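# Commentary on secondary and tertiary structure
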Amino acid sequence: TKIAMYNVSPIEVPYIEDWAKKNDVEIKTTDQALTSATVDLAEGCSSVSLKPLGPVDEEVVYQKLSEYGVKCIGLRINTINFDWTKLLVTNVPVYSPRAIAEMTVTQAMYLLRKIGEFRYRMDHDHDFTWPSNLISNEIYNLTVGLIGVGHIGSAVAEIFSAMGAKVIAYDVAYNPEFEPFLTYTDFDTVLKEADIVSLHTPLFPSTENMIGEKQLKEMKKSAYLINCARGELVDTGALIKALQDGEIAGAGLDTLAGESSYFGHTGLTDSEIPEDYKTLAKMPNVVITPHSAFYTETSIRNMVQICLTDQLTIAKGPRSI
Amino acid sequence: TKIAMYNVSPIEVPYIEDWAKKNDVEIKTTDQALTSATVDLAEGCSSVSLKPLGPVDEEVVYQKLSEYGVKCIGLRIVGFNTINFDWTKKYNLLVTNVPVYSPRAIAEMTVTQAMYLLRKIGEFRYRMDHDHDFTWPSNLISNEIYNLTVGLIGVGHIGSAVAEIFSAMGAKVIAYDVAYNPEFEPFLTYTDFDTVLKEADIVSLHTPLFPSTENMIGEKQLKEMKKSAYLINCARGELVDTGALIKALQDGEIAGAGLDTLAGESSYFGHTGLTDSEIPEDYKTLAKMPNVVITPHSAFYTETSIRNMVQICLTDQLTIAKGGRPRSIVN
Amino acid sequence: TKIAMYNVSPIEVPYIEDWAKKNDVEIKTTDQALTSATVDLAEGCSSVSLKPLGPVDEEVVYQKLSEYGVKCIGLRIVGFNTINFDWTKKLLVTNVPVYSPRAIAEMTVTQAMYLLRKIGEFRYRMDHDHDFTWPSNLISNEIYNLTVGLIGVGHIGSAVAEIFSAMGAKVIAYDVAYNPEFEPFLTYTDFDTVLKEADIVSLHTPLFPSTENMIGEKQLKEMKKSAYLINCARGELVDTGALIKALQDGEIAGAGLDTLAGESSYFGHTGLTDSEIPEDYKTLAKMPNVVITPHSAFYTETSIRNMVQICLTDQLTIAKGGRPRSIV
Amino acid sequence: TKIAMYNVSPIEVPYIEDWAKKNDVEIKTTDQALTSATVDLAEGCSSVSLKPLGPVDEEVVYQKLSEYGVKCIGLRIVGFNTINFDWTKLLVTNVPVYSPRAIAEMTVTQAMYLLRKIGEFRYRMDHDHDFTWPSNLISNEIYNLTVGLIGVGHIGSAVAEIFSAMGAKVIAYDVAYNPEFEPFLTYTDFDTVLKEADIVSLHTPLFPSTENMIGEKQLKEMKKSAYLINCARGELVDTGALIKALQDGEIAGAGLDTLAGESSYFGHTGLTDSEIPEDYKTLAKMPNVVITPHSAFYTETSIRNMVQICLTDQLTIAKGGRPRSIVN
Ligand SMILES: NC(=O)c1ccc[n+]([C@@H]2O[C@H](COP(=O)([O-])OP(=O)(O)OC[C@H]3O[C@@H](n4cnc5c(N)ncnc54)[C@H](O)[C@@H]3O)[C@@H](O)[C@H]2O)c1
Ligand SMILES: NC(=O)c1ccc[n+]([C@@H]2O[C@H](COP(=O)([O-])OP(=O)(O)OC[C@H]3O[C@@H](n4cnc5c(N)ncnc54)[C@H](O)[C@@H]3O)[C@@H](O)[C@H]2O)c1
Ligand SMILES: NC(=O)c1ccc[n+]([C@@H]2O[C@H](COP(=O)([O-])OP(=O)(O)OC[C@H]3O[C@@H](n4cnc5c(N)ncnc54)[C@H](O)[C@@H]3O)[C@@H](O)[C@H]2O)c1
Ligand SMILES: NC(=O)c1ccc[n+]([C@@H]2O[C@H](COP(=O)([O-])OP(=O)(O)OC[C@H]3O[C@@H](n4cnc5c(N)ncnc54)[C@H](O)[C@@H]3O)[C@@H](O)[C@H]2O)c1
C-alpha cells in the first residue's frame, strides 16, 4: 500500500521516513499543494495526505482521486468541499495541547516579571535601578481567568494550578473532569477578578472581536491579556488604545487579526508589514511570536504520524472521520 | 517597646505600619543611613533595623548604641559585610539578617527565563524585527518541558523551589548538592556534578558564592554541556566566567543563557544616568544576543520579598526584646 | 415544560429540586422502576429520566410513551443496555457518559495507598495476635519511588495518572488508543511491560468480550511478588478464582477491589443470609492485604449532582428541539 | 576509624553493611542495648550508634567509652532524652529528618480512607450483611475540601504539598512563619483552622505547652463532618475527650498513628487484655476510626537514612568535622 503527501516542509520529512520504514509503507511526497496539476502523483496510493494553505476548490481532483483507488483524504491540521467528497476525510484534532499551553504560560510569566520593561529601561535609558512601578508578584498570589477551556485551555489550567495559582474559567460547556484545576463562572466575573486573561475559544462569527473596548476597561488595570488562539478574537485597534491609555498592563500575542499578509512570508518591505503590528512590536510590555505556539517536535511528529496510522487502518476497515 | 528603622523607602512604609499595629510596638522611621549623626533616633529602642547602601564605619555608632541599651542591629537583607563584628562584640550587640524572604520570587524568575529561551522567543523576535522574516525555520522548533531534564547545581531554598515547579510541570530534575536533604527527593534525583552538566537540557545555578565556588562554570564546563542546552544564572555573577560564556555562546557550545546577575555588575546595576563608557562591553556583547536574556538582578523583586524583609526582620527583634534568641542571628 | 423521573433515591432529590427551581420546570418523581403500572406519571412530559436496575422489557411502556408525546428517554448512568432499541423507533435516548472521573480516581488511589501502607495487615496483628511490633515484611515505601501501571486510560485512567504523577510517582500505561494530551502524566508502553515493571497495577479498561478475564493466572505470575492489583473498574476483568490463588501463594502482595464478578447477587442487597453471600467474597474479605468496597468508587456529591443535572439539562435542550452530544 | 552499633534489627543490617562497604570502615553490631556488659564491643572504635528503647543510665558506660577513646554517641532517631548529659561531661548526635514524606503519606492515606468511608462500608457489609449505598455515606472529591494543619515544619509542609497537588485548599496555623510554604497553603489562626477545615491534621512537636492541645473545647469547634488526623505525637490529643466527641457526633471520625500512653503496648507482643487499654480498645472498635501502631515512619527510605545519616556523621567526626547534628 502506497501513500501520496502534499504541502510537506523539510521538518516533516524525517518523521514521514521514520514512519514509512516502521509501518512498512511506500511513500511519495512533495512541497506543492494538491491541484489538477499534481493529482497524478496519487496513482496507486491508498490515501492522499495534505496540510492545506488554501481551498482545494477545483473538483476534477476528487474524480481523479477515487479513479486512482484513493480511499481517503487525510488532513494534517473547512478547506475541503464536502459535497464532492461523497472518499473518506480525516483530520488531526489533537496533536499537542501542551505545546500551545506552554507558550501561553511562558508569555504570561515574562510579562508578569516585567522583563520587557526592564530591558527597555536598561538599553534605551541606561537605567539599571528598581522602580516602585516595576515590582512583581508570585504566581501563586494571582488568579488566572480563561475564556474557553478545551484541550488547550484545560492544559493551561493544569499548569497554573500546579504552580499554585487560582484558575477561574468561562465556557459554554461543562466538563467535570476539569473541576480539579479551575472554577467555572461567568464571562464578566472572569474579566473583573482575573490578573491574567487568556483566550482559548474557537473562531466563529459569534466569537469575532470577542475582546474589544468594553472588555478591556472591564479588566483590572494591572492585568495582562494573552491570546495564543486566533487574532480575529481580539479587536486590535481597541487593544492598542487600551495599552496606550493603560487600561491593561500588557499583552502576549501569538497571533493577530489580518496576520496572513506577513506571518509565514520572508523578506518583506516596511510597506508590506502593517502599522498596528509595528506599534505593538515596539511596546516593552508586549511580546509577540509568529503564530508558533504549536511548534514543538511533538506537534510535527503527531501531525504526520497520527494521520498516516489513520491512513493504514483505512486501507483495511478510526474516530478521525 | 520601641524600634528605630533606617533606610526606609516608600515601598516599605505600608508593611511597616501594617506590622506595628499587628504587634504592640512603636516604630520610629527614617529614610536616612545610620551614622554618628542619626544614631540619636535609637533612643530607648530595643533594636535598630537597616537596609544599608554602605558600611557602618563609625565606632562611635556602636558604642552609643549599646549605651542606649539597644540589644540588636537587624538587617533587612542577607548581606552583613556592612557591619563591623569586632565592634559588635566589643559593644555586646546582637546582629540578625534575613536570608530567606521569598524563595519562589527567584525560582519563578528562573523558570520564567528557562521557558522564554526554550521557546526561542527572542530568536524569533530577532528574525521578525531585523530580517523581516516571519517563517518557522527548522532550527527554532521547540520541545515541551515534560520532555526535558533540568539540572540544578545546588539545591537549597531557591533550588528546591525550582525543583518543585519543574517537577510539577513534568520535567525530570537532577541535581548536585554537597548536602543531602531527604525532604527534596519527591521532586529531584541527586547525582554528581559531571552528570548534571552532561545530561541536562537546562542547567540552573543555585549555590552560594564562596572562594571555592567562584568561576564554577568555566570553559571546561561549557564544553561538557549539550549544544541544545541553556545555562541559567539567577544566583551570583561570580559563579560564571563571562569571558568563557561569551565564547561558548559564540562558538555554539551551548544554545543560550538566562542571566539575572553578572560578574562586575555592582558598578552599573542599580545606577542611572549611565554613559556608554560605564556600561561594559561584557554586558553589551551579551545584550545583543537574541538567545540571551538579562534582568538587572530583579529576581527577588516581588511584593512578598519587600514585605517579608520588613516583617521577618521586625518580628525577630520583637523576640529579642522578649528575651528570644532567633535562628536568624549572625554569629 | 414537564419531565417525569423514575428510580429516584432520596440522595438525588435536593439536586433535582435545585435544577427544577432554576430552569423553571415541573418534575414528578417516584422511587420505583418504569413499567406497565408506573408509566402513568409520564403524561404531558417532554421526557422521562431513569436510573434502571433491570431491563425495560415491556413493549407497552414504549408505545404509551410516544403516545404522550414523550421525546426522549434519558438515562442518568453510562449503560444504555437496559433499553430495547428496536422499540425506540417510536423515541430518542440520552445517557451520562462522564459525571465525575475523579470520584473513581480518588477511590483507586486511596485503596492503593492503604495496601501500600499495610494498615489492614498491621491491624490484623494488633487485634488478633496482640502484636504491635514492626516486622521486616511490613516495611513500606514512598509513593514517589514506585511506578504505577495502568491497563486502560480513559477519563478515569488519566485522572488516576494525573494524581500519582502529581504525588511524584512514575506512571506507565497500556491503551489500544493514543491520547497525546496524556503525555505530561505518563509513558505509554505494551501490556507485558506494564505488568512486569509496575509496583501498583490498576485497571481501567471497559468490559468487552475480548477484555473479559483480562487478568488470570499467567498475568498474576508476571506481576511482581510485591505488587498490588487494583480493580475499581469492572469485576469481570478479573478471574476471582485466580486472584485468590495468587494472593494465597504470595504471587502478588495484596489487592484493592470495588467490584467482583457475580456481584449483582449481593451488591445492592440487605438482610442477606450467609447462603446468599458467595464463598469467594468471604475468602477475599478475610485477608488483611485485601480491601473491598461495594461498588461505590462513583459515590460522591459531584457524581450524584452531575448524573441528575447533566441529564436534565439535556432533556431541556431536547424540549426545544435540541439534539445534544449525549444521544446514544 | 571503626564503629560500634547497638539496637540493630534485621531490617537495618543491609544498609549498615552496604554503607560499611562504601566507606572504608568496619562496623561491629549487636541487637541489644548498650549497657556495661556490651560496652566492651566499642573498643578501638571512633564512635557508637544506638537506637534506644529506654535510658542508658549506667555511669560506667560513659566513662568506659571515653577511656576506650570514643568521640561521640550517635543516635538513629530524633529523641535524646535517653542519654544523660551529666555523664557526657563526649559528643551526641541525633537524626532529626530522615523522611518527612513517609509520615506525610501516612497522614494522607488515613485521611482519604476516612473520607471515602471504607471502614463504615466494611462494617455494614460484614456485620449487617448490607451492601447498599445510604445517604450519610456519600463522599466527596478532595479538591472540594479544605485541609487544616496545626504545625507546618518538615512533615506538615510535605502534607501541604501533597494535598495541594490534589487540589484541596490548605490552611494552617504555625507559631513560626515560612515564606517557602505559601505556594501550598494559607496561614491563619488556630480557631479558624478548627472552624473551617474538613480535615484537621496535627503536626506540632510535643512540649509542655502543646500537650492536650486538642481536647473537649476544640472538638466542639470543629465540624460535625470533619476528620481529625494525628500522625504526630499522642499526648497532643485528649483521648477521653476524643472518644466522647466521636460518641456524641462532634466529629465524623479520626485517624491516629499514636495515642497518649502507648509506650505500654506499642512495640510489644504478646500482651494480656489487662495490658491493652480500654481507650485503645474503644477506638479500635469504631468503623470511622483508623489506627496504625506508630508506623508512619516505617519505610525503606527511613530505615536507610536513620542508619546512613548517623554513620556518615560519625565519619565526619573521626576526621575532625563536628557537624550540625551534634546536640551540645
Ligand atoms: N496559536 C497556535 O499556534 C494554535 C495552535 C492550535 C490551536 N490554536 C487555537 O487554540 C484555541 C483552542 O483550541 P483547543 O485545541 O483547546 O480546541 P477546543 O475546541 O478543545 O477548545 C475550545 C473550548 O472553548 C469552548 N467554547 C466554544 N465556544 C465558546 C464561547 N463562545 N465562549 C467561551 N467558550 C467557548 C468549547 O466548549 C471548548 O471547550 C482554538 O481557537 C485554536 O485555533 C492555536
Ligand atoms: N537573584 C537574586 O535576587 C537572589 C536572591 C536571593 C538569593 N540569590 C542567590 O541564590 C543562591 C542560592 O540561594 P539559597 O537561598 O537557595 O541558598 P541556600 O543556603 O538556601 O542553598 C544553597 C545550597 O547550595 C548548596 N551548596 C553549597 N556549596 C555547594 C557546592 N560547592 N556545590 C553544590 N552545592 C553547594 C548548599 O548545600 C545549599 O543546599 C545564593 O547565591 C543567593 O545569594 C539571588
Ligand atoms: N468504580 C465505579 O463505580 C466505576 C465508575 C465509573 C466507571 N467505572 C469503570 O471504569 C472503567 C473506565 O471508564 P472510563 O470512563 O475510564 O472509560 P473510557 O472509555 O473513558 O476509557 C477507556 C480507555 O480504555 C481504553 N481501552 C479500551 N479497550 C481497551 C483494551 N482492550 N485494552 C486496553 N485499553 C483499552 C481506551 O483507549 C479508552 O481510552 C470502565 O470499566 C467503567 O465501567 C467504574
Ligand atoms: N508518626 C511518626 O512516626 C512520626 C515520625 C516522625 C515525626 N513525628 C512527629 O511529627 C511532628 C513534626 O515533625 P516535624 O519533623 O515536622 O517537626 P518540625 O520541627 O519540623 O516541625 C514542627 C512545626 O511545629 C511548629 N509549631 C511549634 N509549636 C507550635 C504550636 N504551638 N502551634 C503550632 N505550631 C507549632 C513549629 O514551628 C514547626 O514548624 C513531631 O511531633 C514529630 O514528633 C512522627
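Sequence order as written determines residue numbers, which begin from 1 on each chain and need not coincide with the entry numbering; residues that lack coordinates are not included. To read the labels, note that chains go from A and ligands from 1, taken in the order they are written. In computing side-chain values, all of the structure's heavy atoms are included and hydrogens and water are not.

Its PDB header names X-ray crystallography as the technique used to obtain the model and reports a resolution of 2.75 Å.

Chain C carries the name D-ISOMER SPECIFIC 2-HYDROXYACID DEHYDROGENASE in the PDB entry, which gives Lactobacillus delbrueckii subsp. bulgaricus as its organism. The title given to this entry in the Protein Data Bank is "Crystal Structure of D-isomer specific 2-hydroxyacid dehydrogenase from Lactobacillus delbrueckii ssp. bulgaricus: NAD complexed form".

Defined as follows: UniProt positions are given in the numbering used here, feature names are shortened, and annotations may be inferred rather than shown by experiment.
Under the annotation held in the PDB entry, chain B carries the name D-ISOMER SPECIFIC 2-HYDROXYACID DEHYDROGENASE and is attributed to Lactobacillus delbrueckii subsp. bulgaricus. The annotation that UniProt attaches to chain B under Sequence similarities (unreviewed entry) is "Belongs to the D-isomer specific 2-hydroxyacid dehydrogenase family."

## Thoughts on the overall build of chain B
To be explicit about the condition: Helical segments are the DSSP runs of H or I of at least four residues, strand segments are the runs of E of at least two, and each set is numbered from the N terminus. Note on classification: 1.4 Å probe, protein chains only; a residue is buried when its accessible area is under 20% of the maximum for its type, exposed when over 50%, partly exposed between these limits. By definition, residues are in contact when any of their heavy atoms lie within 4.5 Å.
When its secondary structure is counted, chain B shows eleven helices and twelve strands. Each principal axis of the C-alpha distribution contributes one length, and for chain B these read about 70 × 50 × 35 Å. Per-residue burial over chain B gives 58% buried out of 331 residues. Restricting to contacts in chain B with at least 6 residues of sequence separation, those with at least 24 account for 68%.

## Re the interface of chain C and chain D
As a reminder, the rule being used: By buried area we mean the combined loss of accessible area, with a 1.4 Å probe, across both parts when two parts are placed together. We define a salt bridge as a side-chain nitrogen of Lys or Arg found within 4 Å of a carboxyl oxygen belonging to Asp or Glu. N or O atoms closer than or at 3.5 Å make up a polar contact, with two conditions inside protein: a donor-capable atom paired with an acceptor-capable one, and, for residues adjacent in sequence, both atoms drawn from side chains. Only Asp, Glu, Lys and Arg are considered charged, only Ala, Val, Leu, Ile, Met, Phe, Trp, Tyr, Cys and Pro nonpolar, and every remaining residue, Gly among them, polar.
Taken residue by residue, the interface counts 61 residues in chain C and 59 residues in chain D. Per-residue buried area on chain C facing chain D is highest for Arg117, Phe132 and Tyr299 of chain C; these three make up 14% of the total on that side. Taken together, the connections running from chain C to chain D amount to zero salt bridges. Viewed at the interface, chain D and chain C are joined by 34 residue pairs in polar contact. Looking at the side of chain C that touches chain D, the elements that each hand over two or more residues are helix 3 (101-117), helix 4 (119-129), helix 5 (155-166), strand 12 (290-292) and helix 10 (301-319) of chain C. With nine residues, helix 3 of chain C is the single largest residue contributor to the side of chain C that touches chain D. A per-class count over the side of chain C that touches chain D returns 33 nonpolar, 17 polar and eleven charged.

## Details of the nonpolar core
Applicable threshold: Residues enter a nonpolar core if they are buried and are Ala, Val, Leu, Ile, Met, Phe, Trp, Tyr or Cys, with the set joined through side-chain atoms within 4.5 Å.
By size, the foremost hydrophobic cluster in this structure holds 196 residues, and its most contacted members are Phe164 of chain C together with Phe163 and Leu228 of chain D. Aside from chain neighbours lying at most four places away, what touches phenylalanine 163 of chain D is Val108, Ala111, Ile142, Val147, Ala168 and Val170 of chain D. Of all hydrophobic cores here, the second largest spans 189 residues; its members include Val167, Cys228, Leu256 and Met303 of chain A.

## Here we look at the UniProt feature "binding site: NAD(+)" (unreviewed entry) in chain B
Residue and element names in this part refer to chain B. UniProt's entry tags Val155, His157, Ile158, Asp177, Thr207, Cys234, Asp260 and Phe300 with the feature "binding site: NAD(+)" (unreviewed entry), counted in the numbering of this structure. By relative accessible area, which is 21% here, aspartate 177 ends up partly exposed. Setting aside residues up to four positions removed in sequence, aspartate 177 forms contacts with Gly154, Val155, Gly156 and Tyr190. From its side chain, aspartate 177 meets the backbone nitrogen of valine 155 in a polar contact 2.9 Å long. On the secondary structure map, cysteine 234 appears in the loop between strand 10 (230-233) and helix 9 (242-251).

## Some remarks on the sheet that holds strand 10 (residues 227-230) of chain D
Residue and element names in this part refer to chain D. Short version of the rule: The pairing criterion is simple: DSSP has to find at least two bridges between the two strands. All axes here are fitted lines through C-alpha atoms, helices being fitted over the stretch that makes contact, and every angle between N-to-C directions spans 0 to 180 degrees.
Pairing in this open sheet of seven strands is parallel, and the strands run 8-7-6-9-10-11-12 from one edge to the other. Looking at which strands have only one partner, the edges of the open sheet turn out to be strand 8 (186-187) and strand 12 (289-291). Running at roughly 155° to strand 10, helix 3 (residues 100-115) makes contact with strand 9 (199-202), strand 10, strand 11 (253-256) and strand 12 of the sheet.

## Concerning empty space enclosed by the protein
Residues and elements named next belong to chain D. To keep it simple, the criterion reads: With a 1 Å grid laid over protein atoms only, a set of points is called a cavity when a 1.4 Å probe fits there but cannot get out and a pocket when it is open yet has protein on both sides within 12 Å along at least five of seven lines; lining residues have an atom within 4 Å of a point. Grid points are joined across faces, edges and corners, and a volume is the space filled by probe spheres set on the points.
If you add up the space inside the largest cavity, you get close to 50 Å³. Lining of the largest cavity is provided by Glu216, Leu219, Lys220, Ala241, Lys244, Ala245, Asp248 and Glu250. Secondary structure elements with two or more residues in the lining of the largest cavity: helix 7 (216-221) and helix 8 (239-248). Here the lining of the largest cavity takes four residues from helix 8, the largest share from any one element. The residue makeup of the lining of the largest cavity, split by class, is three nonpolar, no polar and five charged.

## Structural notes on the interface of chain B and chain A
Each partner contributes to the interface: chain B provides 60 residues, whereas chain A provides 58 residues. By the criterion of area lost to chain A, the three top residues of chain B are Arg119, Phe134 and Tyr301 of chain B, representing 15% of everything that side buries. Here chain B and chain A share 36 residue pairs in polar contact between them. Breaking the side of chain B that touches chain A down by element, the ones donating at least two residues are helix 4 (103-118), helix 5 (121-130), helix 6 (157-168), helix 10 (281-287), strand 12 (292-294) and helix 11 (303-321) of chain B. By residue number, the principal contributor to the side of chain B that touches chain A is helix 4 of chain B, which donates seven residues. Tallied by class, the residues present in the side of chain B that touches chain A amount to 32 nonpolar, 18 polar and ten charged.

## Some details on the UniProt feature "binding site: NAD(+)" (unreviewed entry) in chain C
All names here are of chain C. The residues that UniProt annotates with the feature "binding site: NAD(+)" (unreviewed entry) are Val153, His155, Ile156, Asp175, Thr205, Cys232, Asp258 and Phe298. Excluding anything up to four places from it in sequence, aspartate 175 contacts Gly152, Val153 and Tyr188. Separated by 3.1 Å, the side chain of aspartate 175 and the backbone nitrogen of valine 153 make a polar contact. Note that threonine 205 resides in the loop between strand 9 (200-203) and helix 7 (217-222). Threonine 205 gets classed as buried once you look at its relative accessible area, which sits at 14%. With residues near it in sequence (within four places) discarded, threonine 205 still touches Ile151, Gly152, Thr211, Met214, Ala233 and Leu237.

## Side note on a nonpolar patch on the surface
All names here are of chain C. Operational definition: Nonpolar side chains (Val, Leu, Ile, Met, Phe, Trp, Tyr) within 5 Å and like charges within 9 Å form the patches, drawn only from residues with over 30% relative accessible area and no salt bridge. Computed with a 1.4 Å probe, the accessible areas rest on the Shrake-Rupley method; for each residue, only the protein chains presented here act as cover.
A contiguous nonpolar patch, built from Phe80, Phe85 and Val328 and spanning about 230 Å² of accessible area, is present on the exposed surface. Looking at the element boundaries, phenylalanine 80 is found in the loop between strand 4 (72-75) and strand 5 (92-94). The partly exposed category is assigned to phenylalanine 80, whose relative accessible area is 36%.

## As for the site of ligand 1
Residues and elements named next belong to chain A. Going by this rule: Throughout, the term near means that a residue has one or more heavy atoms lying within 4 Å of the molecule or strand in question.
Close contacts around ligand 1 come from 22 residues, with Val149, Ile152, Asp171, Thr201 and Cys228 the closest. In the environment of ligand 1, an oxygen atom lies 2.6 Å from a nitrogen or oxygen atom belonging to the backbone of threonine 201. At a separation of 2.6 Å, a nitrogen atom of ligand 1 approaches a polar backbone atom of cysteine 228. Contact with the protein chains hides 77% of the accessible area of ligand 1, taken as 860 Å² for the molecule alone.

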